[PDB]
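Chains A and B supply the protein sequences, listed in that same order. FYI, this note's numbering numbers position 173 of the first sequence as 173, with every residue one higher than the one before it. FYI, this note's numbering numbers position 254 of the second sequence as 543, with every residue one higher than the one before it.
2 protein chains.
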Amino acid sequence: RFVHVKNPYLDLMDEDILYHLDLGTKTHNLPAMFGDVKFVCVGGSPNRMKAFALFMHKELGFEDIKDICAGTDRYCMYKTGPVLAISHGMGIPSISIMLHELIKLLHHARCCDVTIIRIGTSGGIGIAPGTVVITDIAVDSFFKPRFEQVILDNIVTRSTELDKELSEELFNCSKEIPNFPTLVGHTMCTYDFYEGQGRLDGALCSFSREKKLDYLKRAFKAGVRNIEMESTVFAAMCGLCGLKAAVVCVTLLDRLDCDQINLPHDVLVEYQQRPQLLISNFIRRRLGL
Amino acid sequence: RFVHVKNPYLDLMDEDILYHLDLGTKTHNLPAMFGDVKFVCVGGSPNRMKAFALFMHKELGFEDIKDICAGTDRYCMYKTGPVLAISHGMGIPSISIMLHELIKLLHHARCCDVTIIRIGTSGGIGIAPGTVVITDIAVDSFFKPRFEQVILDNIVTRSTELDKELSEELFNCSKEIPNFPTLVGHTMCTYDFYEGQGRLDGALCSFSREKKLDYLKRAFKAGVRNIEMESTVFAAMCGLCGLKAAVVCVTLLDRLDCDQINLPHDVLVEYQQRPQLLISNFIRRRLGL
Ligand SMILES: O=c1cc[nH]c(=O)[nH]1
Ligand SMILES: O=c1cc[nH]c(=O)[nH]1
Ligand SMILES: [Mg+2]
Ligand SMILES: [Mg+2]
């Protein structure tokens, strides 16, 4: 299963400059650097993805680690064996830029049988803080499994279907881990952290506590268990380009109780490190380690 | 002219935790730290905003500089006199999170007569690469001066009107600078860098070169001179909250010729530093320096 691009113009170009990743087909040997990539792990925070790469290095059995995108502060990239770790910033536009350049990179490198997993934090709906949610379906603010984007003057809608067997395999992996609360459920992706997630603590708020609670309860009823900001564009682009995608997010709070993240530093760090424990278990099982 | 929030729930909270800025009303004395802020300058790149703060420090007459948000890799913040320099990442969601927390911060600090200027890069339409565009009107992909966002289950539309006299004053400032190509024109804000700006070099492309050229020419006809990814949410939030906003972007290429940014390193650095020259001139004139 090869990673493929869906653009007939790429083939016509003499060189491909991955401007935001500060990489290129002329300046770099992409099949030699990335041809053996089988696992791509993406998160927002560059410090957290650096820590994930260092963690995976030890989990793969090996005994500081160079940013392949050291030339740019937009994104960071680390590679340990068949595992690629990439930061993507916050929001649908920031991850979309990364995904466009990454899908082109994996296709130039002729990668195949690639699993890509978004790891991060989210807000929970009716679930205990620190719960790990494996997304089965990524939905928009209207609880619809679709990704809408504007291309020129037109709105184009794409499917956000995530690989079902991969979400089942990640859940089966999670059961072996002690003190690891895990759940398979829908994930709602929004464009705004504050008004877009029904928060009452933003600079702007025109709705009531009752209106936000009714909204969150309807989301729970539609099967939504967590809220984040990258899942729909991630699921839509990866599925379409030959990548088996998954979303594994830890919850930092239950939105049916509050909007402000107020956790002790050591609890926040523990929760933040829960998705990487599952991915490590999953990669180690896939590689026979 | 005080910076104001538009949320009756903020007043009811005992403390306000600015989670992404790693600041708070309980942990910090916000009126003492930021009460004298009169100029806020925002850009995507943390390295570029660090360099801007160091540059402004010397331009204000003073003879390394501490990140006020050093505790988080999401955003960076530097202060030199009445000038606040903040990174905001890429895209409408990343800058929206920053703007929500920043408007709350400036309001807790009781700031007044605050000018906020987005400085950055963009793609040009029918203008020479390296041209500085001062936005008069920020428009969406449909060339409409509006900012649409999803709040709970509803779409809410806001005005993207930028301060006219401030754009005229920045243009008058730009005329004194030698070898500084400058223009006042509309700026189109998109959610996607590739398909969203009519690029033919993304991972996905379902349209033709002719369709993208027709689109860009219609944008030029509607008064659009540059394309970037943060202007509409920036103009919509700031205007509504008592901030006099402006957008000053340098163009890296003319989109009527190409999609890939291919510039010599020293030309890219020169172009990147053109918006900060104008802001320095503007702040120095405002302060009588
Ligand atoms: O509530 C939350 C917490 C983390 N990320 C989100 O998008 N929402
Ligand atoms: O073409 C460009 C260049 C910089 N930023 C953009 O949004 N578009
Ligand atoms: Mg880097
Ligand atoms: Mg910081």
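C-beta atoms are modelled at their ideal positions from N, C-alpha and C, and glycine is treated no differently.
Query                                                                                                                                       : Result
Endpoints, the alpha helix (DSSP H) within which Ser520 (chain B) is located                                                                : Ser520 to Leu529
heavy atom of ligand 3 below 7 Å from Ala70 (chain A) C-beta                                                                                : yes
Residue range of the alpha helix (DSSP H) that includes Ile568 (chain B)                                                                    : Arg563 to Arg575
Distance, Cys530 (chain B) Cα to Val294 (chain B) Cα                                                                                        : 6 Å
Any chain B beta carbon closer than 8 Å to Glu195 (chain A)                                                                                 : yes
Cβ separation of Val132 (chain A) and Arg225 (chain A), assumed to be a contact under 8 Å, to the nearest whole Å                           : That pair is no contact at about 11 Å.
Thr80 (chain A), buried or exposed, once every other Cβ within 10 Å from all chains shown has been counted against 16                       : buried
Counted within 10 angstroms of its Cβ, other Cβ atoms place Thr446 (chain B) as buried (16 or more) or exposed                              : exposed
Residues within the segment 256 to 283 of chain A neighbouring chain B, beta-carbon criterion of under 8 Å                                  : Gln260, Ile261 and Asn262
Within-8 Å CB hit, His100 (chain A) to chain B                                                                                              : yes
Own chain residues within Cβ distance below 6 Å of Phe34 (chain A), not counting five before or after                                       : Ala109
Exposure of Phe62 (chain A), with buried meaning 16 or more beta-carbon neighbours within 10 Å                                              : exposed
Listed by chain order, chain B residues near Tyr9 (chain A) by CB distance under 8 Å                                                        : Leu489, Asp490, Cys494 and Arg498
Partner residues on chain A for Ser383 (chain B), Cβ-Cβ distance less than 7 Å                                                              : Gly89, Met90, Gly91 and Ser94
Where the segment 514 to 539 of chain B meets chain A: residues whose CB sits under 8 Å from a CB there                                     : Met518, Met526, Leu529 and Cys530
Classification of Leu532 (chain B) by the beta-carbon crowding that lies within 10 angstroms, buried from 16 upward                         : buried
Whether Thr314 (chain B) touches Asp305 (chain B) by CB criterion (8 Å)                                                                     : yes
Identity of the residue in A:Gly124, A:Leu18 and A:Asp67 nearest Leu253 (chain A) by Cα                                                     : A:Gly124
Contacts around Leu394 (chain B), its chain only, beta-carbon distance under 8 Å, and the 5 residues preceding and following it disregarded : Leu307, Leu310, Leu312, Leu319 and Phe323
Local conformation of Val294 (chain B) per DSSP, three classes                                                                              : coil
Proximity test, Cβ basis, 8 Å: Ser334 (chain B) and chain A                                                                                 : yes
Spatially closest choice to residue 296 (chain A) from A:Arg284, A:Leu102 and A:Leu12, by CA coordinates                                    : In the structure displayed, chain A extends from 1 to 289; residue 296 (chain A) sits before or after that span and is not available.
Burial state of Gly288 (chain A), where buried means 16 or more other Cβ atoms lie within 10 Å                                              : exposed
Outcome for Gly89 (chain A) when other beta-carbon atoms lying within 10 angstroms are tallied against a minimum of 16                      : buried
Terminal residues of the beta strand (DSSP E) in which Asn515 (chain B) lies                                                                : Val513 to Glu517
Under 7 Å from the C-beta of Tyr367 (chain B): neighbouring residues of chain A                                                             : Ordered by position in chain A, no residue passes the 7 Å Cβ test against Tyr367 (chain B), which lies about 15 Å from the chain.
Contact test: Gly81 (chain A) Cβ vs ligand 2 heavy atom, cutoff 7 Å                                                                         : no
8 Å Cβ cutoff, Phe351 (chain B) in contact with chain A                                                                                     : no
Within-8 Å CB hit, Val329 (chain B) to chain A                                                                                              : no
Closer than 8 Å to chain B by CB, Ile116 (chain A)                                                                                          : no
Within chain A, partners of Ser448 (chain B) - CB distance below 8 Å                                                                        : Under the 8 Å cutoff, chain A gives no residues; its nearest Cβ is about 13 Å from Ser448 (chain B).
Contacts of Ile125 (chain A) in chain B (Cβ-Cβ under 8 Å)                                                                                   : What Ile125 (chain A) touches in chain B: nothing, since even the nearest Cβ is about 14 Å away.
Bridge-paired residues (DSSP) for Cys365 (chain B)                                                                                          : Answer is none; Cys365 (chain B) lacks a bridge partner.
Interface residues of chain A facing residue 599 (chain B) [CB-CB closer than 8 Å]                                                          : Here chain B has residues from 290 to 578 only, and residue 599 (chain B) is not among them.
N-terminal and C-terminal residue of the beta strand (DSSP E) that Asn443 (chain B) is part of                                              : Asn443 to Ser448
Ligand 1 heavy atom lying under 7 Å from the CB of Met229 (chain A)                                                                         : yes
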